[PDB]
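Okay, so here's just one chain, in structure tokens, the form deposited in one PDB entry.
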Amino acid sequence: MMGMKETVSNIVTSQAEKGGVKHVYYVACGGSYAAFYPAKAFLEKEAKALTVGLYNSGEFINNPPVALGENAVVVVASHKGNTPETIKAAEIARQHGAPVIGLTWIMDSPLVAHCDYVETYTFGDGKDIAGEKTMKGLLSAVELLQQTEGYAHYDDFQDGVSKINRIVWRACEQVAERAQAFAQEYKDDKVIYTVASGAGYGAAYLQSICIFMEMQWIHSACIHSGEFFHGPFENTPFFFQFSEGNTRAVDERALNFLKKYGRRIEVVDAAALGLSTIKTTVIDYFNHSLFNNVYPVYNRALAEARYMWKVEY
């Protein structure tokens, strides 16, 4: 909704006399780091005069970019608003004169004292996807772009935000039966690989981790689809995220390659889960929200079918 739009115009206004916004930095740890992958992929694809950088909090605070200053905006995210590195990150940005936006569920958290602006997001079961953390990240990018250089697909993006909640809740319904089978076939497999490309790749990275948290044997690789174009194919099975949008052809090629070597593949296809009502101008950017919110159906069924590391959302 209207929070991000207003935050960003505040920033645009405030920095206009100092040469404007030229750099965006997404800084987080844990699951928040993966969840900003769509925003980076957006600005890399769509911007001509905005740099984007995606940083682990620890990297950021020990090795801040030279361009960190009054022409930069820093978006940080911490679920509980208590992540020391992320807090320092916000601190270091303010010391350099960069406006900071914080994403948190907790408005009273220590993080809030170190951000010029705070945006919150929906969370938990039956959340409205349109306002989820990943979507606020992306909306920061789309507004920063819209309000500095213009974004030709702004309306199509809002259309997409208006459709994604219903798409996602219907899709969780649609995969319940299949989720059952899935957990039958895979409950004994010790390791599983995930495969993805494009703006949704972060969601497959997180799925890799949910798996390791379940198996507790070896942290799986998350493999980029583009590694399955050519032989040689260098019995672990594959959880395949089949994207909609401009990297669908990369994924299709990879799936065909995996089929040819007779591998075991669980395919989750955005095209078959209702994502295709979102226009092709912007659909790239909604794979994450889809996959990230459908993989729980599969994970719960995997857990029902047979070291406690508390993850950072």
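We call the rigid core whatever largest set of C-alpha positions still superposes within 1.5 Å between the two forms. Residue positions are given as counts along the sequence shown, with the first one as 1. Shifts are known only where both forms have a C-alpha.
One more form of this protein, deposited in another entry, exists but is not displayed; see below.
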property: Single mover in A203, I211, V142, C115, with Cα shift of 2 Å or more between the shown form and the other one when the core is superposed; result: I211
property: CA-CA separation of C210 and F182, closer or farther in that other deposited form than in the form shown [shift of 3 angstroms or more]; result: farther
property: Sense of CA distance change between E214 and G30 in that other deposited form, threshold 3 Å; result: closer
property: Mobile segments between the shown form and the other one - rigid core superposition, Cα shift of 2 Å or more, 3+ residues; result: 210-219, 228-230
